[PDB]
Amino acid sequence: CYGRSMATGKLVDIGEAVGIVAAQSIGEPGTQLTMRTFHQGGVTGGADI
Amino acid sequence: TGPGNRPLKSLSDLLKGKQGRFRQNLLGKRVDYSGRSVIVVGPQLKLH
Amino acid sequence: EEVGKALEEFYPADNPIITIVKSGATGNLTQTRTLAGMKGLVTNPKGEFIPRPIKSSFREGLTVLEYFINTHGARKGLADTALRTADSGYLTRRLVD
Amino acid sequence: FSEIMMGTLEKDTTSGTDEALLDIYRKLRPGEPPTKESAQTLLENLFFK
Amino acid sequence: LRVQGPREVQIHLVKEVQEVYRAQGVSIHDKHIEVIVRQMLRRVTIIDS
Amino acid sequence: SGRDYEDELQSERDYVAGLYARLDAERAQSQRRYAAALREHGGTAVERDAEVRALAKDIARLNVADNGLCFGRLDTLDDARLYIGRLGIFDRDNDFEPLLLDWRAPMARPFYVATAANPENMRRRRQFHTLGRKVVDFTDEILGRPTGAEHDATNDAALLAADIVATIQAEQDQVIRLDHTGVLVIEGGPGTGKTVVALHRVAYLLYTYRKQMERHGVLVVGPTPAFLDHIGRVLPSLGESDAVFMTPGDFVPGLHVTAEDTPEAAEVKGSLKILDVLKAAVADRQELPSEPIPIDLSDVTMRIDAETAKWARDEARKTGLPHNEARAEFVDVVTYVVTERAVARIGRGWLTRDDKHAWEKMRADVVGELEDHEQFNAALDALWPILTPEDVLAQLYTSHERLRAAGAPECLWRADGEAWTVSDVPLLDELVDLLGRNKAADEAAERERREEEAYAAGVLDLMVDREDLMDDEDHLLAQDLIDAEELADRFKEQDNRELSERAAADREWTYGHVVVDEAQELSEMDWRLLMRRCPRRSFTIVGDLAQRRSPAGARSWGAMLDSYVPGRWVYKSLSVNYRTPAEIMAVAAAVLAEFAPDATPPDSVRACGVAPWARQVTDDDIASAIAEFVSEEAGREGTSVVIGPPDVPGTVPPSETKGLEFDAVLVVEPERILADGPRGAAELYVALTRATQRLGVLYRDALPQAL
Ligand SMILES: [Mg+2]
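Chains as they are written, first to last, in the numbering used here: chain A, 7 to 55; chain B, 2 to 49; chain C, 2 to 98; chain D, 48 to 96; chain E, 9 to 57; chain F, 424 to 1130.
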């Protein structure tokens, strides 16, 4: 069901730590996403998506 | 209580407080057989 | 935008400055425009654009006031980059858990 | 000139200089006896002297 | 989840997450997001035994 | 609706459609640039965020502006045209000459400040009744001498056209452009159109002080939200996100009361005298045990008697705090007394006056047991319980002994205490001050906060330290700029709500301005509530003392507006009557002779083309008579109504028709209206004055004595 291993291109071996790999892959590019404003003042930022 | 007002730590208290076991560490170990140094480009090396 | 387009059109295909970018080896056309075309708009300490842009290019050399207003974003970025990692680490720890 | 100040005065359940001084004294010195002499003295010795 | 069921809510979650990651210029394979989304819907609440 | 009007409406529709097309093009460009910036900005992170936020803010503004883009139009004496809307739209390739002016722009100031007597170089003012992207119709107003050739639903210009006009305009301008910012009272007689002046005054005041009222909000009080409707029409942002409307029955949040109360009960329940009654009634709940209570500690039997409860109540009442707060003093003293009695008998004869090491520990043990004791707490709840306004009033009305204790009259008896009326709402609101809260605190929320802050601290600890960095040079770290508490709060729900709904759900909210319509209906307690909910004393009050149907309504403005702002409120009364004919005015004056010996009425300076009419009703012909009348009138032209008691199916009760004007009115059987309580004469006066062009009367045997 998981299928090809992204790192090597072959079918995943029994015992792969797929969960931590997925977590790291999702979390690594988190710095490129836009975030809430860092300033303390102002109104709540939910008005603008 | 004993001396002062501090209570006496019971046996089960060895497994409950912030200090004890069943507890993880967010800080990492310091490991022997390790070193550190500046890196420079070696263009004659192979990928391994 | 128009100044950037004109600059992109003008440069010869074999000029090193634009050859470095077009080959994908390094950089992007925004940096080339800033270096040669014009710096453009800059932000206040609050993060809002200043109406008057920096019409000079680093090849020509910014004036005193243009440089002073430009320093705002440079100073802001140092703290912005440091603060950006906290949210990423938070989400990464959640996902790992 | 301001309605909010007049409203605060209307809702202020304190009358006279001595009572206000006693209130301030008991506020700043909750554990001390409510003597009038100290109640008058501390305020003068806190900011104005 | 209530209207369509567990299958469609997982597809919806994966689509929504990948939509943000695509719009922000990040490329992650759907399987990494699926690994995380699977863990979210592993329980069933009992209403009557 | 002349063909010229249709052509003008079509032209305005075409112009608004062009404006909307330009708006859609701008939206598309902004969205495309926003997507491109999010995807491949290629610059520094700060610059990318700045551009993205600017584009998102612009897109949100465009989204907000979609509903009702254009408000109205202004015509200058120079023949130039100005269009007022929610956004500023300018033609880039035509030297930026405006196609639409933001309502906040200085050039749009005359739209709100201009008046007929003192125009700001403007000839005519127009307003579009927008509905989505479509304009249903528009109303015109001449800022000068009336012409009589314009179109508007109110038809006020036509009536004015049919000096006296200069004097009326000057008086209206004097009312509208008053520089006062406190309590203002407007009371014009019937047919004077004081409603239009009130709406114009509200618009002017809200525009002038908009910058200091966009956060406090505006509260509209009255039978119908028509004032809120106008505020939304002319100030859609404030109306949509800042204006809250509450009928006098909806003062208490979440309790939509509609039932009325009899005059005998309402007249007393609406007076300030009830404040003493409420204070006495809650004091009654501070009762005593008729017989001693066996508290029955786990080891030694214990007894509470009437005298210890007496002393505890004396202490609690001495403290003077609200009921739920003096509960602490009452329970504390009762617990101390019971603990002393129990300790004296547990350590029989031994421990008395010994050092702290024994007596204090015994006291602590006894108090700890008491705090968990079920029957002791049940007893403490039997006398001096925790109270709520609903429970207090329900158990006050339903019992016949507590009313005598509280000093209330025998008239406000009712079998069911939970049948709330509009008169009970202010008492429910008031009782909150008397009762208060028992120092409520939350425990699960604190645990959640602690856990989240600890998780944020762990996240920060997970990051690399400065001691062992591997970068080429030292630099700012996250730990140097943010702490665990701030990081944890960064990911919480942070729920956000509109100001309108946010204030509507809060009892303690203080509003920036209060608008009251038909103010004569409000009683002393309603005014107390409203003045409690607006400490700035910024009020716009409209009504007529002679037209109240609520027996508890204000007898005069000075009786109501003098216990809060004595000598500071401004009063202005409009004089001339033009919205109604001379014959209707004479009939109204004839009815008015029964109210006051003098009753200075608004003189009429206009007469209708046809006089009123009256007829008898015999052998139950009203059923077909009303149908024939409405068929004849509605089919011809204009809006016609039938006014009478609900006993006739085809009658609109006076309670609903007060705030409307009609071309034709048919009042049926005025005797029944005159028999409707002490205010029957006022009801008939109102119904007769509703007529603007033609009035019909049906009576059983003879016309009322006055007529
Ligand atoms: Mg480096």
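Don't be surprised by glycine CBs; every beta carbon is placed ideally from N, CA and C.
In summary, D65/D is exposed, with fewer than 16 beta-carbon neighbours lying within 10 Å of its beta-carbon over all protein chains present. Around the beta carbon of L48/B, a 10 Å sphere encloses fewer than 16 other beta carbons of the protein chains shown; the residue is thus reported as exposed. Burial state of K74/D is exposed, judged by a 10 Å Cβ sphere holding fewer than 16 other Cβ atoms. Cα atoms of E690/F and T821/F: separation of roughly 20 Å, rounded to the nearest angstrom. A contact is defined here as three or more CB-CB pairs under 8 Å, and the segment 37 to 48 of chain E fails this definition with respect to the segment 444 to 453 of chain F.
When Cβ pairs closer than 8 Å are counted between the two stretches, the segment 906 to 922 of chain F is seen not to touch the segment 609 to 624 of chain F, the count staying below three. For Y443/F, the secondary structure class from DSSP, reduced to helix, strand or coil, is helix. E909/F has its alpha-carbon roughly 13 Å from the corresponding atom of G881/F. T14/A carries a coil assignment under DSSP once its states are collapsed to helix, strand and coil. Measuring C-alpha to C-alpha distances from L1083/F to each of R1002/F, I1049/F, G743/F identifies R1002/F as the nearest. In the DSSP assignment, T553/F falls within the unbroken beta strand (DSSP E) covering 545 to 554. In the structure shown, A1037/F adopts extended strand secondary structure according to DSSP, grouped into three states. Within chain E, the C-beta atoms nearer than 7 Å to that of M12/A come from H37, in chain order. A distance filter of 7 Å between CB atoms and the heavy atoms of ligand 1 selects the following residues in sequence order: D894/F, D895/F. Counting along the chain, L9/E sits inside no alpha helix (DSSP H), nor does DSSP assign it H or E at all. Closest by C-alpha distance to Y428/F, out of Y457/F, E573/F, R547/F, is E573/F. Neighbours of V34/E in chain A, taken as residues at a C-beta separation under 8 Å, are given in chain order as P35, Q38, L39. Secondary structure note for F561/F: its beta strand (DSSP E) is the uninterrupted segment 557 to 565. At least one C-beta of chain E is nearer than 9 Å to the C-beta of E463/F. Secondary structure of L510/F (DSSP, three-state): coil.
Neighbours of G54/D in chain F, taken as residues at a C-beta separation under 7 Å, are given in chain order as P958.
Within the segment 78 to 89 of chain C, the residues whose Cβ lies closer than 9 Å to any Cβ of chain F are, in chain order, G78, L79, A80, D81, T82, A83, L84, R85, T86, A87, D88.
Against chain F, the beta carbon of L27/B has neighbours under 7 Å at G881, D884, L885, listed in chain order. Contact check for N490/F against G555/F passes: the beta carbons are separated by less than 9 Å.
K56/C sits exposed, since fewer than 16 C-beta atoms from the chains shown fall within 10 Å of its C-beta. Under the three-state reduction of DSSP output, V65/C falls in the helix class. Between the alpha carbons of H20/E and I44/E lies a distance of about 14 Å.
Check the Cα spacing between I55/A and each of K480/F, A468/F, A473/F, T467/F: the tightest is with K480/F.
Measuring C-alpha to C-alpha distances from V1088/F to each of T1112/F, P849/F, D1070/F, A1098/F identifies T1112/F as the nearest. Annotated three-state conformation of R496/F is strand, per DSSP.
Positions of the beta strand (DSSP E) runs, each at least 3 residues long and wholly inside the segment 975 to 1061 of chain F, are given as 993 to 995, 1036 to 1039 in order along the chain.
Note that the segment 705 to 713 of chain F touches the segment 804 to 820 of chain F; at least 3 beta-carbon pairs, one per stretch, sit closer than 8 Å. Restricting attention to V999/F, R1117/F, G1100/F, the CA atom closest to the CA of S1027/F is found in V999/F. For the pair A468/F and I32/A, the Cα-to-Cα distance works out to about 20 Å. Using a C-beta cut-off of 8 Å, the segment 875 to 890 of chain F makes contact with the segment 79 to 96 of chain C, since at least three inter-stretch Cβ pairs fall below that distance.
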